[PDB]
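In structure tokens, one chain follows: the form solved without the named molecule.
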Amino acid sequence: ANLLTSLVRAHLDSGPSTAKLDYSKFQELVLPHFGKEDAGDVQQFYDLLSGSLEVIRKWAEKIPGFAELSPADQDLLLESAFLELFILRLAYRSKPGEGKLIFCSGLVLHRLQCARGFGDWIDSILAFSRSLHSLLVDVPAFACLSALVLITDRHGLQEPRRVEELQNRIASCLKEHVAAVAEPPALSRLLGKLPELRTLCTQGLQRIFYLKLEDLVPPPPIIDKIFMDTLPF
């Protein structure tokens, strides 16, 4: 499809090539003081989140039809889907067999270098990365799934039906692609992994809550807004 193509091109452009990975701050072994953190750790955590949102916005806008939605709908879909998108894209990108996390800037950091600011969450993201990698999801299938995480029913949408339409389009796209490779829903093996992902979004929220308590440095406003908006109370 020209849709699939658009989706894949959008995806690849939203992340680094093996060519341009950034190992400058990579350290194969760091010795941290666990269960505890300084302001630099927390800043880096927030910076990394912030960087993903900016990248994800730009990625979202290259999804056909996404850019035509109500501006409020655009923001809503992006806020509701951000953590889950951050985790999924990071898990798909990273190499858990080397304990290394790869961010969308190309930045490469090791489990131990993130342990301070992310806490346990980073270990659990890595566990998910393993389990994701074991179902072997090709880039076009991923380019569809990521879009599907974003483009989905959320409470408060102004034009729920346009969103559902755009959902339907992307789901067909995925279906045809899956048939092109191997005539099917299948998929259920992958959805079996989706509880792990929900849980990981919760951990994310819990971590931010905790850092917000501690307040060594305050969250960036956009991240803080998402934190608050996505709380069902």
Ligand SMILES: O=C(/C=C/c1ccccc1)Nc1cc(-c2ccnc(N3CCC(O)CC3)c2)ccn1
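One rule holds for the numbers: they count along the sequence shown, beginning at 1.
Just so you know, the form solved in complex with the named molecule exists too; it's not on screen, but the next bit is about it.
A.B. asks: Tell me, yes or no, whether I125 is in contact with the named molecule in the deposited complex, where a contact means a heavy atom of each within 4.5 Å.
C.D. replies: Taking the distances in the deposited complex, the answer for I125 is no, it never comes within 4.5 Å of the named molecule.
A.B. asks: Would you please decide whether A72 lies within 4.5 angstroms of the named molecule in the deposited complex, comparing each non-hydrogen atom pair?
C.D. replies: Outside the cut-off, so no.
A.B. asks: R89 near the named molecule in the deposited complex, any heavy atom under 4.5 Å?
C.D. replies: Contact with the named molecule, yes.
A.B. asks: Quick one: does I102 come within 4.5 Å of the named molecule in the deposited complex, counting heavy atoms only?
C.D. replies: Answer yes; at least one heavy atom of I102 falls within 4.5 Å of the named molecule in the deposited complex.
A.B. asks: Do any residues of 124 to 158 have a non-hydrogen atom within 4.5 angstroms of the named molecule in the deposited complex? If so, which ones, in sequence order?
C.D. replies: Sequence-ordered list: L132, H133, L136, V137, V139, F142.
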